[PDB]
Amino acid sequence: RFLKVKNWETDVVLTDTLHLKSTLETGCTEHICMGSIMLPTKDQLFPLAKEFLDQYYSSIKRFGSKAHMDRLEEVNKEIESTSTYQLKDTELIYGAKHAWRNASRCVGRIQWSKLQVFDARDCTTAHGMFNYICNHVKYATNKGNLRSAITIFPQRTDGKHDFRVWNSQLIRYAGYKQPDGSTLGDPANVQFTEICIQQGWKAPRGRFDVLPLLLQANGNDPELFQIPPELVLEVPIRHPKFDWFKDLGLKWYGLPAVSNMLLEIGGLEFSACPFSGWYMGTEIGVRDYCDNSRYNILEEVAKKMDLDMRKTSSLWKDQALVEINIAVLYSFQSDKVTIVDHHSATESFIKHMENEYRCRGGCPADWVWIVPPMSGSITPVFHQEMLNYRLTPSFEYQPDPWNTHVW
Amino acid sequence: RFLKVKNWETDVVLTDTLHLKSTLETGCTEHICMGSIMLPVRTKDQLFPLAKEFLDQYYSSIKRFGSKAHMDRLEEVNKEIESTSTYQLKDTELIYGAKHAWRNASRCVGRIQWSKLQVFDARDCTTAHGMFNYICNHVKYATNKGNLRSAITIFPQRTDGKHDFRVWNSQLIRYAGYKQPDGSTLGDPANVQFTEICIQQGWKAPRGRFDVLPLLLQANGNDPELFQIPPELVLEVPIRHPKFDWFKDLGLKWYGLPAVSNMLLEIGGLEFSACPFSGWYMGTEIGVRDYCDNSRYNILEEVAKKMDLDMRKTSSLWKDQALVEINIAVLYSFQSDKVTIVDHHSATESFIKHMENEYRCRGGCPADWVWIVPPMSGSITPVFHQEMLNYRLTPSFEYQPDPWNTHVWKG
Ligand code: HEM
Ligand code: HEM
Ligand SMILES: Cc1cc(N)nc(CCc2cncc(CCc3cc(C)nc(N)c3)c2)c1
Ligand SMILES: Cc1cc(N)nc(CCc2cncc(CCc3cc(C)nc(N)c3)c2)c1
Ligand SMILES: Cc1cc(N)nc(CCc2cncc(CCc3cc(C)nc(N)c3)c2)c1
Ligand SMILES: Cc1cc(N)nc(CCc2cncc(CCc3cc(C)nc(N)c3)c2)c1
Ligand SMILES: [Cl-]
Ligand SMILES: [Cl-]
Ligand SMILES: [Zn+2]
Ligand SMILES: [Zn+2]
Ligand SMILES: [Zn+2]
């Protein structure tokens with residue numbers, strides 16, 4: 001099966017062969033495409049381990065070698081005996097990097113081979129998880145010169161002793177339902193904030209309160225910890241032309257760090273594996289600030305701009321959107337905190353995708369997520385056909401643990 | 001079976017049952033999604049089930065399923081197919097079929113309008129000259145001096161595939177493109193190939209930036225013939241900006257009538273290879289796609305230069321700034337000239353209302369997110385956070401290859 005993808009701006013056609021290695025299911029069928037849906041034993045374990053070890057040994061040009069066969073032998077014996085196995089440090093690093101490489105929704109993958117991997121498999125307690133996470137935050141932040149990193153806690157055993165970070169991101173702001181009926185802070189985080197308060201957090205009750213970590217070790221009830229304030233780098237948002245923009249009192253945090261996903265390597269499952277990169281500007285300026293269910297700031301900004309807001313066709317929303325995104329980029333750049341604009345990021349991804357087709361035979365990509373949430377068609381990803389499929393090692397969505405945990 | 005879709009802004013959940021009536025394939029499998037791939041003579045045997053499926057649908061819509069009239073029509077069509085290898089649609093069935101092809105068009109954000117479609121029956125047409133007259137009449141009716149009305153003109157169906165009616169133009173009104181010896185393009189680069197064909201067939205090209213192409217029309221499988229649409233029937237809008245007085249001197253204009261002429265209409269297994277249809281523009285189609293695609297008029301740089309934007313780094317978002325102003329100009333210009341146009345906020349809000357109504361009254365609304373989301377400011381429109389299900393219902397509009405690749409030249 002050779003599949004062709006065309007770029008409609010450049011007429012360039014690429015051939016994908018890598019999809020033939022796809023394992024997991026898409027949710028689509030021959031009858032119905034679900035491309036726009038957000039969430040569409042010993043016996044099982046050895047084939048998964050073999051598939052992975054085969055790809056690993058092939059990557060280091062040692063496929064079919066004595067070391068290859070011996071390692072397969074070693075792992076087989078370990079699974080038969082213990083019902084599981086442990087990855088070598090080399091295998092863990094390779095697996096984490098490839099999980100990023102394989103992430104079809106990530107526009108930033110040109111960077112995939114430069115990931116710092118922190119092995120936290122020796123961690124046993126929630127206090128130990130906190131120390132590791134602070135160290136990740138400080139390393140990744142690096143005084144504004146951000147470095148990609150992942151911290152990997154112990155793998156799932158019987159499923160009754162899971163390590164989990166309850167937070168969706170390591171750094172994120174609290175949300176509070178008001179007597180007024182509105183929401184103060186980030187509406188995305190109202191439920192998690194409540195759980196935090198319920199578990200004893202003393203909430204400051206402001207618009208940008210950094211949430212504490214709720215950390216679960218070894219299947220135990222989660223415990224609360226506050227990240228040292230001085231490790232959380234934040235940027236106040238101002239505009240290069242509009243003096244009034246600072247008066248909106250907006251800020252954001254510098255470090256985007258996903259903490260709710262599951263890392264699968266060689267059939268093993270790492271349910272706590274926080275990872276971090278740096279922001280694309282639209283993530284803050286379009287998603288976090290302008291989604292109606294988020295900080296929802298479009299109307300306030302347009303008002304300060306004195307735009308004609310009576311008619312949609314004046315494009316007042318589009319004008320204010322652009323200015324908000326200009327201010328996000330300017331503020332991060334002025335404070336020397338790494339950020340990438342959507343033009344630069346998508347150009348890089350296209351270059352990455354071409355590299356991947358030539359050296360790997362393809363690059364799985366989800367167009368719905370790869371195309372930026374503003375100015376889509378003026379970026380080089382819009383007219384690029386993409387094929388979406390699932391390769392392992394992988395990062396997988398997992399449900400919020402409070403729906404699952406038994407106290 | 002039931003499939004659920006969620007809206008991630010409102011948490012509204014809807015349930016699709018209509019997908020059960022989908023027949024044709026998507027291109028996707030359990031292992032690979034082809035959601036962003038742009039392109040992912042029947043026998044008696046296959047034709048009668050297709051005819052019956054259609055007629056059952058039609059008679060249900062008029063609340064006459066199982067009636068004598070329904071049963072009599074099935075028998076009549078069966079006997080026509082067995083005897084002549086095909087059948088003719090009644091005028092009522094043709095109208096219903098064309099409206100439903102539009103209703104079913106998963107890439108169309110304008111479908112709130114689907115039941116308001118003027119159908120011109122051109123199945124008595126026999127010559128290219130005849131096609132030309134029908135097409136002029138469509139253009140005049142649809143244009144309505146700027147108060148645009150949706151319309152479709154339907155030419156005779158496929159017989160043996162050797163006698164097809166085709167409009168060779170991709171759109172009824174579109175501008176010429178000319179490749180220069182230095183490798184630059186004058187006019188619309190999308191139409192260079194078709195323009196060369198027109199010139200070869202005898203068109204005297206003005207060689208300007210906005211030359212309306214001639215129609216190239218094929219009747220009954222014959223070689224196509226050239227006709228010029230009368231200039232007085234082609235409504236155009238000069239583009240200016242409400243605040244920037246220099247915008248007019250960019251010399252931009254566009255035509256008012258968007259009219260697709262290269263698609264195939266399938267109704268009850270019958271294939272209408274020439275079926276031009278038209279509505280009115282969403283502003284971004286002109287201001288984003290036609291003006292700003294790098295492979296089209298590609299005006300972003302010139303506009304940004306005139307705005308004196310900082311163009312040294314992409315992070316100043318100069319491209320984004322220029323794009324908004326161009327799109328303001330397009331909407332302003334059409335509105336000022338009283339030519340129907342819809343902005344992307346209005347169009348997507350109306351589509352979501354249409355979609356929710358369809359889920360309630362019909363059990364679903366197939367939709368292609370990739371095409372439905374506008375090409376600028378996506379996430380601030382109500383379609384961006386709407387989950388959609390894409391599947392194929394008939395009657396339908398289908399892509400067909402450009403006829404110059406397939407035509408047997410007679411001489
Ligand atoms: C280095 C800079 C990085 C940039 C600029 C970047 C960019 C992005 C963006 C813009 C998104 C989608 C957000 C949206 O559409 O609103 C995303 C998603 C994602 N990225 Fe990256 N990324 C980076 C690093 C990383 C790293 C280090 C990893 C893992 C090691 C990673 C894995 C993922 C995954 C798994 C998703 C999908 C997340 C989900 O399903 O919620 N990315 N990336
Ligand atoms: C009445 C106003 C209408 C509006 C505002 C509208 C809007 C649009 C837009 C914006 C697109 C996609 C263009 C793009 O993504 O650049 C589209 C596609 C399409 N529409 Fe409509 N539409 C209208 C009427 C019609 C009518 C009358 C029909 C047929 C009877 C129709 C059938 C289609 C089809 C088949 C496509 C996909 C075209 C292709 O594959 O090339 N629409 N519509
Ligand atoms: C490492 C990294 C770097 C970066 N620049 N951006 C990201 C995106 C993080 C991100 C932020 N906000 C929202 C999401 C989506 C969360 C999300 C929600 C649901 C329901 N399903 C999913 N698969 C995912 C992801 C990650
Ligand atoms: C369709 C789409 C496109 C794109 N470029 N990025 C994304 C992912 C990021 C994203 C943006 N806006 C909104 C969301 C949903 C956030 C969200 C997450 C959860 C758990 N519950 C909710 N009700 C809502 C995610 C999605
Ligand atoms: C009736 C109608 C009204 C309206 N406002 N817009 C449209 C969209 C017309 C349109 C304009 N430019 C480009 C296209 C895409 C052409 C196209 C190209 C390819 C390769 N495959 C396809 N299925 C389609 C469509 C149609
Ligand atoms: C991905 C996508 C999104 C969207 N919203 N609309 C469309 C359809 C309209 C559209 C816009 N720009 C470009 C094209 C392709 C036009 C095109 C057509 C042909 C035949 N050859 C080419 N090289 C290019 C179509 C496509
Ligand atoms: Cl968004
Ligand atoms: Cl476009
Ligand atoms: Zn959003
Ligand atoms: Zn699909
Ligand atoms: Zn385009």
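So that the names make sense, note that chain A is the first sequence line, chain B the second, and so on, each numbered from 1.
B:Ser379 and A:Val286 get closest at one heavy-atom pair: OG-CG1, 2.8 Å. Heavy atoms only, all atoms of each residue included: B:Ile328 and A:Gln319 are closest at CD1-NE2, 3.4 Å. Across every non-hydrogen atom of A:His343 and B:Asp320, the tightest pair is NE2-OD1, 2.6 Å. Shown here for A:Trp8 and B:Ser295, the closest heavy-atom pair between the two residues is O-OG, 4.4 Å. Heavy atoms only, all atoms of each residue included: B:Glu387 and A:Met38 are closest at OE2-N, 2.9 Å.
Note: A:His383 leads A:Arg294, A:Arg390, A:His383, A:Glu347 in heavy-atom pairs under 4.5 Å with chain B. Across A:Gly35, A:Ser344, A:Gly281, A:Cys33, the residue that shares the most heavy-atom pairs under 4.5 angstrom with chain B is A:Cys33. Each of B:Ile341, B:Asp293, B:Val5, B:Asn294 has some count of heavy-atom pairs under 4.5 Å with chain A, and the biggest count is that of B:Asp293. Heavy-atom pairs under 4.5 Å with chain A were tallied for B:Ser315, B:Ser22, B:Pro242; the largest tally goes to B:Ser315. Of the residues considered (B:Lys6, B:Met376, B:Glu9, B:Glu25), B:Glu9 shows the highest number of contacts with chain A, using heavy-atom pairs under 4.5 Å.
Within a 6.0 Å radius of CD in B:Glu301, no more than 12 heavy atoms belonging to other residues, nucleotides or ligands are found. Environment of CD in B:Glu30: crowded, with over 12 heavy atoms of neighbouring residues, nucleotides or ligands closer than 6.0 Å. The environment of A:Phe2 atom CZ is sparse: at most 12 non-hydrogen atoms of other residues, nucleotides or ligands sit within 6.0 angstrom. Within a 6.0 Å sphere centred on NE2 of B:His241, other residues, nucleotides and ligands contribute more than 12 heavy atoms. Few gaps surround CG on B:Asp11; more than 12 heavy atoms of other groups in view lie less than 6.0 Å from it.
The contact between A:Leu3 and chain B is made entirely by side chain atoms (from C-beta outward), counting heavy-atom distances below 4.5 Å. Contacts of A:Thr282 with chain B are absent, with no heavy-atom separation under 4.5 Å from either backbone or side chain. When heavy atoms are compared at a cutoff of 4.5 Å, B:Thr23 approaches chain A solely by way of its backbone atoms N, CA, C and O. Using a 4.5 Å cut-off between heavy atoms, A:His31 touches chain B through backbone and side chain atoms alike. Contacts of B:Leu331 with chain A are made by side-chain atoms alone, with heavy-atom separations under 4.5 Å and no backbone atom involved. Residue A:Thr379 does not touch chain B at all, counting heavy-atom pairs closer than 4.5 Å.
Here A:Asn325 contributes atom CG and B:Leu317 contributes atom CG; the two are 6.5 Å apart, rounded to the nearest 0.5 Å. A distance of 14.5 Å separates SG in B:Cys28 from OH in A:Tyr389, rounded to the nearest 0.5 Å. Between the OG atom in B:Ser36 and the CG atom in A:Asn388 there is a gap of 8.0 Å [rounded to 0.5 Å]. Between the NZ atom in B:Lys313 and the CD atom in A:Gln333 there is a gap of 6.5 Å [rounded to 0.5 Å]. Within the model, atoms CG of A:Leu20 and CD1 of B:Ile32 stand 8.0 Å from one another, a figure rounded to the nearest 0.5 Å. The distance from atom CD1 of A:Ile378 to atom CG of B:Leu323, rounded to the nearest 0.5 Å, is 5.0 Å.
When side chains are defined from C-beta on, B:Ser377 does not count as touching A:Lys317, because their heavy atoms never get closer than 4.5 Å. For the pair A:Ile37/B:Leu389, a side-chain contact is recorded, criterion being any heavy-atom separation below 4.5 Å from C-beta on. The shortest side-chain heavy-atom distance between A:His342 and B:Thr314 does not fall under the 4.5 Å cut-off.
Judged by distance alone, the side chain of A:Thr26 and the main-chain N or O of B:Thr29 form a donor-acceptor pair under 3.5 Å.
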